[PDB]
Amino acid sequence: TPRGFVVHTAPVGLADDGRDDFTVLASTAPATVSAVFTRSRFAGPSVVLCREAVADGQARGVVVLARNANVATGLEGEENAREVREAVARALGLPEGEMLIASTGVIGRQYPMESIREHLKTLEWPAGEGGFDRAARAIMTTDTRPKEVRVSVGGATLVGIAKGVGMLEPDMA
């Protein structure tokens, strides 16, 4: 419902069930960003890049991969986090540092990169706005239901989605 926000969701085989597991949320307009993150010593490469990306208070979106965390995956996983974050930025014609990346699911398992590489080549701006409901579903792992909420304030809209019902006591900053 908020103006300027579009959602891309698609299956990329992060699990083998044909379910939407790859999400791009993006603003068609410049956006100020606020974010907080895990301070885990095993913080995934996705997190580091997010921090860097929000350092200037400026970001327009986030790619999210579900059913693989891309954590404890070494230099390979670092490379893969960058490649994916960048290829999304590039495919939508945004600057790298305005695209975040987030990833959830199994620890210690490499991304299925060829499947993700093929999908990226097709990626472009969603026709039309909205689809948070789709994003809400595509981010799920061991959730039994999508989690979504909408508030109106002073003529603007705020939509939130969340996921995560195990490995859950956030201590984010």
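Counting begins at 1, following the sequence as shown.
Stretches 124 to 132 and 50 to 58 differ in mean C-alpha B factor, with the higher average recorded for 124 to 132. Mean C-alpha B-factor is higher over 111 to 119 than over the other stretch, the pair under comparison being 63 to 71 and 111 to 119. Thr144: CA B factor lies in the middle third for its chain, per the PDB record.
When all modelled residues of the chain are sorted by CA temperature factor, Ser27 is found within the middle third. Sorting the modelled residues of the chain by their CA temperature factor places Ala81 in the middle third. In this PDB entry, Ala10 carries a Cα temperature factor that places it within the middle third of its chain's modelled residues. Residue-level temperature factors show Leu94 in the highest third of its chain, judged at the C-alpha atom.
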